[PDB]
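Okay, here we've got a single chain as structure tokens, the form solved without its partner chain, with questions on binding and movement later.
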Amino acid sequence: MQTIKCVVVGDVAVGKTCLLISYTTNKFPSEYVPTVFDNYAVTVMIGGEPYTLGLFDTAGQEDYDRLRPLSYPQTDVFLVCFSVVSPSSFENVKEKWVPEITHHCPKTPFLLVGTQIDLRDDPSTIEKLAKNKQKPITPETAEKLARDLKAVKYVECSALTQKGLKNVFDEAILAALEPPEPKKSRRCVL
């Protein structure tokens, strides 16, 4: 059986876990959201062949800067996430996450993922957003950052409404798909 490793990174609270659960369980963790990350698997049919898709959540706290990279080995693709309603999370993508990923896994592809896009149109949100003359990160703004940082592409979604959620992982797979050629892989290595 063939496998694809996808590590998910990003600032704390951007909705990494919710999007993983929502995707794997088809239901948004409205109840007790496991405030303790995990490791999931999904079986995906590609060309009529079954593939195991490993999804790895991570801890975004600085105190894990030491540990976190321990999961990177073997990753076929990364999901650098930021909330389209959190500028901090967005700026922190170029300053921290991309650099980190590129450092250890330089050949490993990554996608830029905007999360919680349902809160962009939300009134209650943009109301406390102008409380620093800021506005929701735009797709183009994000698309631009993606272009610059050289991400495979930009994708956003809502773990809550599940909008584009499936697509986020479809792209992950497409990007992850390795080359048969003399093991010309992009898999991360110690």
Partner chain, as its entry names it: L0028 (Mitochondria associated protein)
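Positions refer to the first chain, counted from 1.
There is also a form solved in complex with its partner chain; it is not shown, and the following applies to it.
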Task: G60: touches its partner chain in the deposited complex, heavy atom cutoff 4.5 angstroms - done: yes
Open item on the list: Residue-level question: is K150 within 4.5 Å of its partner chain in the deposited complex, judged on heavy atoms?
Closed with: no
TODO: Indicate whether its partner chain has at least one heavy atom within 4.5 Å of a heavy atom of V42 in the deposited complex.
DONE: yes
- [ ] Give a yes/no on whether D65 approaches its partner chain to within 4.5 Å in the deposited complex, heavy atoms considered.
- [x] yes
Task: Stretch 100-136 - residues with a heavy atom within 4.5 Å of its partner chain in the deposited complex - done: none
